[PDB]
Novice: 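Here it is, the structure, as structure tokens.
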Amino acid sequence: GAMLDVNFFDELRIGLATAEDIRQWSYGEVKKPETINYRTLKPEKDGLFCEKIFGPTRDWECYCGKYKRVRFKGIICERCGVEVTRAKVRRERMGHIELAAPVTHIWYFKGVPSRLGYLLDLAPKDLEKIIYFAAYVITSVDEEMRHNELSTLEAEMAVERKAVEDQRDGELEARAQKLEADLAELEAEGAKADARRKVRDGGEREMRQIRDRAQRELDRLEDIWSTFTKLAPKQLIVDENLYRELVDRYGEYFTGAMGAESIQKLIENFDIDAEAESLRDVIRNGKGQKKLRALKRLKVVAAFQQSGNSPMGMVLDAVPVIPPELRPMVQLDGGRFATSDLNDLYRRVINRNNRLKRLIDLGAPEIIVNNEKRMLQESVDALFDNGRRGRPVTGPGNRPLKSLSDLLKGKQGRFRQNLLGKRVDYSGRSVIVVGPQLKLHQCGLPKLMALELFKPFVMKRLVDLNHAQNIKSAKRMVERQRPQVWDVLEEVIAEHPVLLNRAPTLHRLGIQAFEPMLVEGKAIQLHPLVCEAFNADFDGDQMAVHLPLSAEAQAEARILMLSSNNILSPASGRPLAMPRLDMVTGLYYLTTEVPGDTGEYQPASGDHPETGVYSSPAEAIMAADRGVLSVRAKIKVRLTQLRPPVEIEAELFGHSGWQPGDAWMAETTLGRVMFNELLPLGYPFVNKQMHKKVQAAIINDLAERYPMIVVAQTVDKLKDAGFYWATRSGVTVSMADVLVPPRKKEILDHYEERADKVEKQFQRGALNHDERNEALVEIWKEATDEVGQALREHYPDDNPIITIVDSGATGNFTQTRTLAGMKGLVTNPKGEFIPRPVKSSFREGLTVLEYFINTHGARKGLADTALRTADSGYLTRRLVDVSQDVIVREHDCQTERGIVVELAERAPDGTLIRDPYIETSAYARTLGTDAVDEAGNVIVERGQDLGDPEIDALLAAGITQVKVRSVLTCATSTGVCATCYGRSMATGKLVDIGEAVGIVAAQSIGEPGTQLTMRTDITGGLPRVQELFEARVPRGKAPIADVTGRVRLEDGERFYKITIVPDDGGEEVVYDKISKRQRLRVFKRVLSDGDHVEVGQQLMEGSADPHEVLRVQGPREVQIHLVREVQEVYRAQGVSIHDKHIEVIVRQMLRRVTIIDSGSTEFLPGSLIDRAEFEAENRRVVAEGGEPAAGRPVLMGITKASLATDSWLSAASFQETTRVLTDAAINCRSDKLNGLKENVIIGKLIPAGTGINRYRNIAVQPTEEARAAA
Amino acid sequence: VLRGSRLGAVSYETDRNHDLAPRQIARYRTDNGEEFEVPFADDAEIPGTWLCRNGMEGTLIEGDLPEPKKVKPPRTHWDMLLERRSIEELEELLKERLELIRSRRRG
DNA sequence: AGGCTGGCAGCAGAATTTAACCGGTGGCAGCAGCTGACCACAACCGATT
DNA sequence: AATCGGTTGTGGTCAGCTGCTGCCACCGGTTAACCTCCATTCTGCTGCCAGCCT
Ligand SMILES: [Mg+2]
Ligand SMILES: [Zn+2]
Ligand SMILES: [Zn+2]
């Protein structure tokens, strides 16, 4: 189709190029291994850099300089032949090498499975011998001539064997004559009676060896005859001498050859339709290894049949040559040259081809000619794929050369290094510092970085303000940094957002857009509220700055990704731009209430009134400016501009209407009034002490009930007040604040006696080595807990260490225990505890041996942190690749399917204990059925969002279960709809109709890596998540039951064996080889013999595998199993993901069915096909007959499901590039460029977000009233 | 900082399309019947043979030129033999070999 | 009397010493010997207001 | 008196072949005591050999 590539592509098709294609792309044959002249450094004619083939080196000149302008454009010089045109055509013109002997392509011969071997039915070992000139193959045989001359040739062979045996008879006569002469000359003369038998024994040895020579020659003749009688095509003949005897005696009737020319004659005499028919008869009738082999063969035979490909394109008659400026020869500074490793591979091909032409026209013997052909074949193989077959060709320094397949594969190949991610202009980087004076939408950009990023804008403005005459002098003014430049740079930087990025970008809030303002100095100033999103501290981190240029890109940065528009985390909806660490210490100090503090409320009477009561917070602030009041003393204020809480408002004011200005009397502290003046005006008065959980609940309520601008302004006010009262708060560390518990010696002596008792019991021999370690580990765990409890009781409530932990600001109490207290048990380099603990705190100072023991665990923790970061990155890459085609396409598929969610199971005493994970299961979901009570009135009707008021109404009406819409059961053909997905967690409303919900799901799952540890043979951390998503059979696999019945817990030789006798009277189910390392399953008590089990009951203890839950129980029960088992890994570390981010991934594993019967339509059994087209090829077949295919569900991994995709261009860039490209070409696949990744590679708008036709084709015009009235 | 040049020039011109020099098209034919068109300049002498895109020379399609002649190899195995032998010596060797094969087969 | 199928074990791919003549021909490179057109300073005209 | 275009006296001038006259790279052929071989893990495929069946 298109060849100039003007961007209207519909498809990209890959196939297998034949020799006519190659020598039709070519602009000329290269026939010399020359590159440039060594003296004049200009290209050589017919060489690898030739201008007559590849186009001229200088713009609009020929080679001899005869034609030198655009006036002569498009003509060819009659002397040198160079077409005078642009010099950039040397990146576009290909040439070719015309081979003197055919060569196989290495991709279709070598890599498992051998596609040439499957097509021709030759083993790879028997194919390597042919194409590398080590054996012969019979290309053809003649059956009519053989069948009509078999009798005469048999007569000839019998005649020759008769002659051989008559020769042996003549030898028998001659040696009998010599033997009788020996008899007459030994028996009639006096010698030893044994020595007269030694000569006759030598004669008998001569007879034995001569008849052995005759027997071996007769056996060789029989071998030649049997080989000719059993001659068929595709039959290897090793033993060159046997082949030579065959061509000598029976040189007609057959043909044979070695190498790729014989392979191409076998492909010429190949009947694709007949071979496919016989393979289909085998897969219908036969069974076993024959049927499995025939299925694997029929994949490639049917691929060559059903397309328009011919299999002759797997043998090469011409080799294409890549254009010269994609393998350049550059001249460095200092006259040194650097070249590109493909010129050496191409030069080897040309050198061996030219020498082969010389030998063939010289008439050399076949030893020399075959050695040259084998060398030519190996050089073309090393060009295409170096080191695939044999040792790689190396350059100087034993460095292997970089071939054509190395340009594509790997992390450093084309697809991943240059196409999916690039280096960009208008782009800077510096090191971030804290900017606590900024607002949330602002960043500080150093002026020397901004002057370089905004350079064309300021050059334009300098010319416009007549500071410069033209663009040349304006560029000089910017380069020399004149004083007018800064006055202009403020103007051009005003209201133009920049994107700030901190690597690694783990989720989407790692790129945010800020409105820059110029700072002096050389560091970026980041707002202190976006550090949790970016995961940035200020110990040396660096950020990248990018500049959006067009109107659409500026509008996206200003609307979609401004920093104050993204407060909530898109994974759970919890607020991320929230106060933390110092802003939590300050607000906790401000809002705590201290009894007995200065100027408190006294209720006093008898002599004087109350004296704690204030008429306004202005009067309270004046009294606290004097030394008369504390900010944390309990007073009674009179508030008029703060809304009372719900109970006080209901009691005091009427049907509604606090109505600002109406006075009420509060009983609180002044710091709580000062906190509540930072909240919105209609927000009710809180009167609590501000733990970080309390602040997060307040910010969640504000984000639900108020606009986004109100939420952003409020968190900036909280930032300011928190920092002020943090520095006025009195949190320091000295060594007198690290108190030590006064009972630590008594506790440790009391447990030292118990450890000494266990050690003396080991010394007496009562218990072994390992049980002694177990006793010691339990003793010292109890001692660590008792020391921590005594410490926690000793410390006062206003200690700085306790306050920083207890306010939720940072830290936890085990760090406080190791700092003051006792470090406890430490691990080994393996991971087991060491039975001597660390009994010193870090306040006391560890000893030499305790410090050396503690370093083992410290270093293992650091190394595991590095490895965990790499593994979490790999998992996120696989999850993105599997679920990139789940985007919201619709508003409502109107299905009536849904899932049932659990929602507060019912206590036996009678009440509704709320489910602990109900914020990640039942919130943010659309109801699917009307929720009724006792079939009465509906409470929450169908289509509702299920927030906090709805969940409270359901639990008050006493409903334990609801049916919600899910993406597991969506009816939309492509993508999902917005009602089934539900609320977007980051915006709090229903999801939009272009959202890339699968990218959001993959980053929401994969960002909480690096905090998923195994424990303190069942996998339990990030290796557990990577084997649920990859659908492997687990490490500690526990069996599950198959049918209801009673059990047979047979205890065999030292381990178990379990048999289930079904209640239906069916046959028993036997679980045979069960080791006794795994214990039996406990439920409510351990499984005993003679017990009744259910159909999905897990028998042993361990991990059930997901493939058997799908077979036994169904597709719904593997979705319950896989979602719950992933969340158990995350919930153990206190990480919140909504369930809808795991059901986006799990839905993509169950997209397919496996074929168990072909039916009548093109579906090979055992192949996995999509369920939507399994049923679109069954309604076509239950019409015009009754013969459907039969399919069974499969569960796939995220690697296996994302390589079996319809786009070859997004599967080749995922992984296994060479294997994907070598059967996309055989199947002649076509790529409709529908995906999110294929639009990134080729450079057009992704089909999500603002790049969809609903939004991209908006037509904007002034309205009629505003047009005519201006 | 390394800085290299692939040794060529880049010119700054406006690529127009109208005021261009006239051209004439020749047509050549190789020894397997392929045909190619070459745009030469109008004021230029059209060559007799041209190395085409197959890498094989093609003669001009208009029947005018009796140009190609023999450029024969002066070095074959017969030439190398003749420069060190004589005709009578080779004839004697040939007749001796003929007499040996007569004595072998016939005798 | 043989045979073709079941585990079974091994292997491959992918991810994170040695030099010289001799002939002959095409390209180079430099330089009078014309140029043959180019450049220029200056002076001499062809009507025309 | 000038003013827009020709004529040209005459003196350099400046490179464009044109021989031309070496001369210098570049490529092919020849040389005749005698001596003969170079990390880990997961997945899938392919070949091995015993073990029941006719
Ligand atoms: Mg850091
Ligand atoms: Zn040219
Ligand atoms: Zn739906």
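Heavy-atom basis, side chains included; hydrogens, waters and symmetry copies ignored. Reminder, nothing fancy here: chain letters follow the sequence lines and each chain counts from 1. Order of listing sets the numbers, starting from 1, for every ligand and every atom in it.
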Novice: Give a yes/no verdict on a cation-pi contact between A:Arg93 and A:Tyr27, requiring under 6.0 Å between NZ or CZ and the six-membered ring centre and an angle within 45° of the axis.
Specialist: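 Satisfied, under 6.0 Å and within 45°.
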Novice: With a 4.0 Å cut-off on N to O distance, would you call A:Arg965 and A:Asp892 a salt bridge?
Specialist: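 Between A:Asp892 and A:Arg965 there is a salt bridge, with a charged N closer than 4.0 Å to a carboxylate O.
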Novice: Which value, rounded to 10°, describes the SG(A:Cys980)-the Zn ion (ligand 3)-SG(A:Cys977) angle?
Specialist: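 It comes to 100°.
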Novice: Using a strict 4.0 Å threshold on nitrogen-to-oxygen distance, state whether A:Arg91 and A:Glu325 make a salt bridge.
Specialist: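 No, this pair does not count.
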Novice: For A:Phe72, is the NZ or CZ atom of A:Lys66 found under 6.0 angstrom from the centre of its six-membered ring and inside 45 degrees of the ring axis?
Specialist: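 No, a cation-pi geometry is absent between A:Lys66 and A:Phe72.
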Novice: Looking at A:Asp539, pick out the N, O or S atom nearest to the Mg ion (ligand 1) and give its name.
Specialist: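 Nearest N/O/S atom of A:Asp539: OD1.
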Novice: Working to 10°, measure the angle at the Zn ion (ligand 2) formed by atom SG of A:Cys64 and atom SG of A:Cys80.
Specialist: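 It rounds to 100°.
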Novice: Taking the basic N atoms (NZ, or NE/NH1/NH2) and the acidic carboxylate oxygens, is any pair closer than 4.0 Å for A:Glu1117 and A:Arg1124?
Specialist: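 Looking at A:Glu1117 and A:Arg1124, the cut-off is not met.
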Novice: Relative to the Mg ion (ligand 1), which of the N, O or S atoms in A:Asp541 is the closest?
Specialist: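 It is OD1 of A:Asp541.
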Novice: Working to 10°, measure the angle at the Zn ion (ligand 2) formed by atom SG of A:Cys77 and atom SG of A:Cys62.
Specialist: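 So the angle at the metal works out to 130°.
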Novice: Looking at A:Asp537, which of its N, O or S atoms is the nearest one to the Mg ion (ligand 1)?
Specialist: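 Considering only N, O and S atoms, A:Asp537 comes nearest to the Mg ion (ligand 1) through OD1.
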